[PDB]
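Notes follow once the structure below has been shown.
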Amino acid sequence: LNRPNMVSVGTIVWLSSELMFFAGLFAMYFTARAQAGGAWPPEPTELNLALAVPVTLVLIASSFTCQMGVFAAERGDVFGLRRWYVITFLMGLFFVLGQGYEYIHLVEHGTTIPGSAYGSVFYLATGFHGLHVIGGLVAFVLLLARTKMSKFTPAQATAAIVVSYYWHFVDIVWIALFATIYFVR
Amino acid sequence: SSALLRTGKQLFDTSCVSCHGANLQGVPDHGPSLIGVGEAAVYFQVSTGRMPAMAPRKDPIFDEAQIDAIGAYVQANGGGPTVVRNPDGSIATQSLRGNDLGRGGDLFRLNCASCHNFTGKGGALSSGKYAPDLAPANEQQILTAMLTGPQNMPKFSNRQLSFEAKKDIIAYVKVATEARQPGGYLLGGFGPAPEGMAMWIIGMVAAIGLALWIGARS
Amino acid sequence: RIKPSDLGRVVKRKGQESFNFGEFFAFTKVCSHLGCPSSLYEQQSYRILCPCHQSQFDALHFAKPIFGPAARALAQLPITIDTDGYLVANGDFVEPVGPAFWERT
Amino acid sequence: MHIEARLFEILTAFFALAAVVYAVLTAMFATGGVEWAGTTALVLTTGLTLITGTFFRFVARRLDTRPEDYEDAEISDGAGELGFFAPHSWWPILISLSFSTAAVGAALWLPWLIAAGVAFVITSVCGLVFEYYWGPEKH
Amino acid sequence: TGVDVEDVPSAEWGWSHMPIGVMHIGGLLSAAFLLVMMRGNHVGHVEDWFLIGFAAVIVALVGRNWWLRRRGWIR
Amino acid sequence: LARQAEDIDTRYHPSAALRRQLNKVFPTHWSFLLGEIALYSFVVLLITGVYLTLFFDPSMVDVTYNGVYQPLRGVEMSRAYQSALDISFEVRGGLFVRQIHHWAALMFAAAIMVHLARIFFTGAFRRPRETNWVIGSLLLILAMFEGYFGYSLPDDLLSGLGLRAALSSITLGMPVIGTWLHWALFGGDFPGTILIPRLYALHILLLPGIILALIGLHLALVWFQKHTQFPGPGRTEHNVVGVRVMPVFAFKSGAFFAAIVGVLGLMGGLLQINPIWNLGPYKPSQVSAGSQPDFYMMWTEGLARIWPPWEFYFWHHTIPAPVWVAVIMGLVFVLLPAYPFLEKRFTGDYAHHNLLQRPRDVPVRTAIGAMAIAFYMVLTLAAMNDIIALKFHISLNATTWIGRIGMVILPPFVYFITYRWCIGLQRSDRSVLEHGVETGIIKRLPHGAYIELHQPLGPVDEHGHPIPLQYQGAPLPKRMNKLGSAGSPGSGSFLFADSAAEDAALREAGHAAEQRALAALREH
Ligand SMILES: CC(C)=CCC/C(C)=C/CC/C(C)=C\CC/C(C)=C/CC/C(C)=C/CC/C(C)=C/CC/C(C)=C\CC/C(C)=C\CC/C(C)=C/CC1=C(C)C(=O)c2ccccc2C1=O
Ligand code: HEC
Ligand code: HEC
Ligand code: HEM
Ligand SMILES: CCc1nc2ccc(Cl)cn2c1C(=O)NCc1ccc(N2CCC(c3ccc(OC(F)(F)F)cc3)CC2)cc1
Ligand code: FES
């Protein structure tokens, strides 16, 4: 019974709504870039590209690791799932720490939220993505703790799958934000 | 170019006349006269943002030396107090800090702590009104605040509170708002209410959680 | 010190019509409820607020209480000036100061 | 499912058409060029409907006929055992209370209230997720 | 005292009855206490209207319960 | 240590009382540790107070500070305030110790209140134990006043205001005795010279001694009248089911003691309480905005705030307002210890009881308790008027009137809701007794009908429906996973699996031991 999965449909439609949320943020960003003529990233601000590439590659590797974990989950063994999801958690934590470090080193000598318009839109666009990543980390921890406390049933597999492609959606919207902010300018 | 308050009476006419009058006469519906007041009142009211009002503190509207413009324009129509200046002509910040904190703290506890706090946190007055926090105000704002006597705050002249007394009070306030808490995380600056809340919501839940873990339930 | 603008809303309790010197009034500072210092003075409502349990006295109406468990007015002190221009007391309180007891106020 | 996918494809086609038309009509004939705020919303609503429609399309191509999608069918076809539908639970009201605490702590700028609200939200969501998976007590 | 089991299932395991006269008299007394609190230093009358509005609802509820119990629609 | 043990045995020969105390059985419910919490808090209080007495000087003479804390140099203060400042700033580890002391006092009070709530709601005060209830009530009163006298010792502005207002000007207002009590206690008018030494003597010697004697008597009565228990599988009014002291109970008690000490140390190191240096020495002319006593006197303060100004003036005399606060507080303190006798007079039940009641089986008492707790919460929140009206933007007069009206309309509303809620819980229990436990699975029953696959708790009749059980005062399961339904995860560590033989053996022996425990406790 119930040949198409239900949790899958729910997660998919919710991810669509989240995409619309990020649409609102993008619309905020593109305006105030048309108004600032010339060096629209103001003089105290210049982005350090020597740090933003490794964190993006780390996030992509996280996506690969999560897909491997789902492959392991579809056949009923919990330990491969646990290993791959621990790896994914560690890589996401590294990404968040790198982003926070760049925030510190960038607020150190210039750009602030109340000090500019570019700084405002930049921090607003990237901090919400950071919050989404932190939520994904919490979901990973909860899923592992839930696999710890009973036998492996197909419901656990469905939960793993939906958490997986939530993570995929996250690290795709990150690619969009990165290509828009750091390269297009 | 001090003979130029044409700016000044260019911003007042487009941001104030609806509530104070074209001649600074106090529209009998909303605003006071603003004649006896001086540059210090305008400085404190505009720099903190309480001015032009729709009164809480907000974001200021005017700078780029136009607070000076409105202040000079209002001073030219009366004899109120003026803002302190340093040998450069700018507003003094560093020269308004005294060197004696004992006397300043005793004066603060006698005159100021009744409405604000022991250490300058807020306090509640009757029927709405409250006394705000003293953390984000700089030195000249403290001086002009206790010199001009804003809404429902008493007015401390330079004869009952001399200039040393004011400087020492400023120094005590700025030190009390910037000192560490050498006992751990202070729970807001108030007395036993945050302490009781933290007890009930941290220590008791830890104790009851460990009691639930150790002992069985039946 | 009361602003010269109002000076027409004063009510002047029955036995103390001449206890003020112009615009100076000099009430006591010990709340007539339980004895905390009633020091919170709002300058343009003319209200005195006791911070211990929040009573409110009306500085323009012989310090009559207008909110809270406070039930008796604050005591007023007579003042004047001396031959040199300093403020001095022109006598004593007409009644005991502070909280009440079995004998009298 | 074949009709849901077709519905979402219709919607995605119309939204993409409208987005492109608006973009190229405001590139010219407009005061300051491309409008940049309706354009974005339109492309990303197109993307929303596209994601949903593509998922439904894959699930339809990977599925055999279903008594719901199938006419000609009788009630003896669906005779079986449905999923698990949760009976009574009291965790939703606690989740809502925690989120409301965090929201009112964000309205009036009070950081301690925001921290307490976030902690309570984590606790209540953990309680909701684990409700039907805790085992018997170990003694 | 006594209550039938079909109203309170665990009527034999503990105290489960409170006589209705207690509740009626308590409601009337609380209304009277709310009313007598217009004696004080209240300058302003915004607070008196809440006192009068909350004392009318209590009396209304008590009267409704008494009248319905008197005509057998309850118990 | 055979030689030493035998020589102790020929000199004392206990060997039978030790066996009688090593075999005592104690019930194991998480709710039976709320008294241990208070006991351990009291022990920590004793230790830290004995440490503190080596540095405190309780005088009221005036000195000039001339210490290390610079923003107070040259200020004239009493000797007690200076001694407290010296403890805080000039003894290595003194601030930590006094913060532990204050946090332990707070935890003492909170644990006592939670324990009282348990005792009241489960009905553990009935026939054999009214006197133990009375002793507990006396302990509560003494703890309140001891904490008050304690935090009034290092006389600073806040403690001085509290002393002045409450003690001086409520004792001063009593109808006839009044000023006589005030002058006997203070030695004269309010700011004297004998107040702080007298409070010091009362606080370190007398009240701790009385509390220690009463705690000894309390624990003795609990030891010789064996503990109560909840109804269950093998529980009767004539036996105690639990674990023996010998290996287990002492171990659990000691581990709980260590964990409570750990929590107290952590929160005494990381959170700040009573920073007396931000205040100043007490002076009768200056005041601040907070005021506020510790959370176990806040109800007294709130009652004084929201009580209307009703005074009586007759011939040559005056009865002020705080007299009302006095009689109401006395009435509360008299109605607390005399409750079991009231309930036994009203319900007319005088039998021995050793099995507890679930709070849902006694709706009227549960509603009474919820009403009292709501009243207490209203009184406590009415004490932080200033903080509430400042942080949350509300008028001050508005909060006063909100408290003044809530004091009358919240208790009855809470009573009504609690009564209906208790009966609803009873009905929910009866439904799962009549039918089985809902599993949450749905079927379609080829003629298009939806059923929900209940699961019976006992025997079944001919046509598959379970025969209804009878209620026995014990809790019933509501979730299928609490019964063993979906369990048995893998037996790895966290990332690597174990062998299959190990997994099978461990699972199978665990199942066997569970079944044996069940079958053993049923049969007795
Ligand atoms: C059980 C009942 C009280 C017995 C009734 C017996 C009989 C009726 C005596 C008459 C007494 C009547 C007339 C007046 C009552 C008031 C008076 C007696 C006060 C004396 C003190 C004493 C009796 C205390 C009463 C019982 C006590 C309040 C138990 C409450 C605690 C229990 C039930 C639940 C606690 C669970 C806890 C771990 C989580 C709660 C989290 C927080 C929100 C608790 C709420 C909370 C509390 C409780 C604070 O005290 C507090 C103080 C300062 C700041 C904040 C808070 C605060 O948030
Ligand atoms: C009618 C809306 C309104 C506007 C617009 C407005 N004010 Fe005010 N102003 C008030 C009111 C009302 C007060 C009374 C002070 C109070 O109660 O807080 C006041 C007070 C003042 C005071 C202090 C009066 C005293 O006696 O100390 C000054 C100075 C002042 N305004 C200047 C200004 C300036 C500068 C502007 C900006 C051009 C401005 N006003 C615009 C309403 C307004
Ligand atoms: C309760 C009476 C009261 C007294 C006494 C009092 N204040 Fe105020 N204070 C207030 C009120 C009310 C305001 C708000 C005025 C406004 O917003 O226009 C205020 C505002 C201030 C501000 C502005 C705070 C800010 O962030 O802009 C400062 C600074 C200040 N007072 C300092 C002092 C000092 C120093 C003393 C002691 C000499 C003192 N106050 C005594 C009530 C008082
Ligand atoms: C038994 C219950 C007790 C309670 C509820 C209690 C409570 C308190 C409190 C709250 C303080 C304030 C501390 C501060 O603010 O710094 C205090 C001070 C003090 N306590 Fe206790 N205490 C208790 C027992 C004891 C005992 C048994 C002793 C000594 C044997 C003791 C010795 C002291 C001393 C000397 C002070 C003053 C030192 C100081 O204030 O720094 N206390 N007490
Ligand atoms: C209004 C309260 C209050 N406002 C503030 C404001 C600011 C601050 Cl910081 C603290 N507060 C507090 C405060 O500290 N509240 C705690 C408190 C309350 C009452 C009592 N009591 C002393 C003995 C009396 C007594 C003694 C003997 C008697 O003789 C007889 F009859 F034989 F018993 C009769 C009465 C009763 C009250 C102690 C502590
Ligand atoms: S002490 Fe001033 S109101 Fe009670």
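We number chain B the same way Swiss-Prot does; the residues here are 58-111, 117-280, in that order.
Cβ coordinates are placed from backbone N, Cα and C, and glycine is handled just like the others.
If you look up Swiss-Prot, you'll see B:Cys73, B:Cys76, B:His77 marked as heme c 1 binding site, on the strength of sequence analysis. Residues or ranges marked as heme c 2 binding site in Swiss-Prot (evidence: sequence analysis): B:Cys174, B:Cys177, B:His178. The domain 'Cytochrome c 2' annotation in Swiss-Prot covers B:161-239. What Swiss-Prot lists as transmembrane segment is B:258-278, and the listing cites sequence analysis.
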Nearest-integer angstrom distance between the alpha carbons (Cα) of B:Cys177 (heme c 2 binding site) and B:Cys76 (heme c 1 binding site): 29
Remaining residues near the recorded heme c 1 site, that is with C-beta within 8 Å of the centroid of the site residues B:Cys73, B:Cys76, B:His77: B:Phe69, B:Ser72, B:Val74, B:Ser75, B:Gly78, B:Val84, B:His87, B:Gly88, B:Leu91, B:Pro109
Tally of residues which DSSP labels helix, strand or coil - the domain 'Cytochrome c 2' (B:161-239): 36 helix, 4 strand, 39 coil
Cross-chain proximity of binding-site residues to C (CB under 8 Å), evaluated over B:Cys73, B:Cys76, B:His77, B:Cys174, B:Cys177, B:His178: B:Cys177
Subset of B:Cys73, B:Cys76, B:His77, B:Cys174, B:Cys177, B:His178 (binding-site residues) with C-beta under 8 Å from chain F: B:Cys177, B:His178
Neighbourhood of ligand 3 - binding-site residues from B:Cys73, B:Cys76, B:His77, B:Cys177 with Cβ under 6 Å: B:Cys177
Sparsest Cβ surroundings (other CB atoms within 10 Å) among the binding-site residues B:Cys73, B:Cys177: B:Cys73
Rounded Cα-Cα span from B:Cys174 (heme c 2 binding site) to B:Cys73 (heme c 1 binding site), Å: 31
Sparsest Cβ surroundings (other CB atoms within 10 Å) among the binding-site residues B:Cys76, B:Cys174: B:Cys76
Pairwise CA distance, B:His178 (heme c 2 binding site) versus B:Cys76 (heme c 1 binding site), rounded so that it is a whole Å: 30
Close-lying binding-site residues around ligand 2 among B:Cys73, B:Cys76, B:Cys177, where CB distance stays under 6 Å: B:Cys73, B:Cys76
Spatial separation of B:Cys174 (heme c 2 binding site) from B:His77 (heme c 1 binding site) - C-alpha basis, Å: 30
Euclidean distance between Cα atoms of B:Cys174 (heme c 2 binding site) and B:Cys76 (heme c 1 binding site), Å: 31
